[PDB]
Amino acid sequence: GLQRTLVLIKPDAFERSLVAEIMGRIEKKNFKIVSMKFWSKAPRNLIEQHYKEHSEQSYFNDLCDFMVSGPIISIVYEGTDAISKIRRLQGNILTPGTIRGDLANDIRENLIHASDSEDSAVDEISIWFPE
């Protein structure tokens, strides 16, 4: 069961003071922080790498600008079935009960990123936590 997954707390969370609300939802589901970094302004290369699959999309530049417009936190979380469960926890802006469902309402500004597969998770954990 045991996996690790990468979470990003996005800048809209810092602006709207939802940082703890978000982290708290994950904690209460019993996932453990295994490593964590605070970035006051994330190095733009890091964000470009992080959203590489998106480099061709029309939202890519606006996206990068946003991800660098305020602080972010990068967290590695550990627990049973972590990648899938934290993804569900993240949710979408349509359906309530989730982080995005309760607290967000934008296609770009949605508070949180969570890895969506075992592969994107190893990759993302290496970008943000090379060590």
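Numbering starts at 1 and follows the sequence shown.
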Higher-scoring stretch by recorded Cα B factor average, 98-106 or 58-66: 58-66
Of 43-51 and 85-93, the stretch whose C-alpha atoms average the higher B-factor in the entry: 43-51
Assigned third (lowest, middle, highest) for the C-alpha B factor of residue 115: middle
Chain thirds of CA B-factor: placement of residue 2: highest
